[PDB]
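Worksheet: one structure, shown below.
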Amino acid sequence: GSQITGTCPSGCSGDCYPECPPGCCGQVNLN
């Protein structure tokens, strides 16, 4: 099958996926 969902760099925000950009990673707060 195909896959797209996953975890971003170390400590990156989940919702920053699949973009996983550094800036978005630096901050993480699902609220």
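Scheme for the structure tokens: letters A, B, ... for chains in order shown; per-chain residue numbers from 1; ligand numbers from 1 in order shown.
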Tell me which protein, DNA and RNA residues are within 6 Å of range 5-16 of chain A, counting only C-alpha atoms, leaving out same-chain ones fewer than 2 positions away, and put them as a CSV table (one decimal) with N, CA and C atoms, in the first residue's frame.
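Result file out_39.csv:
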chain,number,residue,atom,x,y,z
A,19,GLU,N,4.6,18.5,5.9
A,19,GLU,CA,5.5,19.6,5.6
A,19,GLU,C,6.8,19.5,6.3
A,20,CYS,N,6.8,19.2,7.6
A,20,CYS,CA,8.0,19.0,8.4
A,20,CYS,C,9.0,20.0,8.1
A,24,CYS,N,8.4,25.3,11.5
A,24,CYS,CA,7.2,24.6,12.1
A,24,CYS,C,7.7,23.6,13.2
A,25,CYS,N,8.8,23.1,13.0
A,25,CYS,CA,9.4,22.1,13.9
A,25,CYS,C,9.9,22.7,15.2
A,28,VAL,N,6.2,23.5,18.9
A,28,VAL,CA,5.2,22.4,19.0
A,28,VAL,C,4.2,22.6,20.1
Fill in: Every residue of chain A that DSSP places in helix (DSSP H, G or I), as a ChimeraX atom specification
/A:14-16,22-26
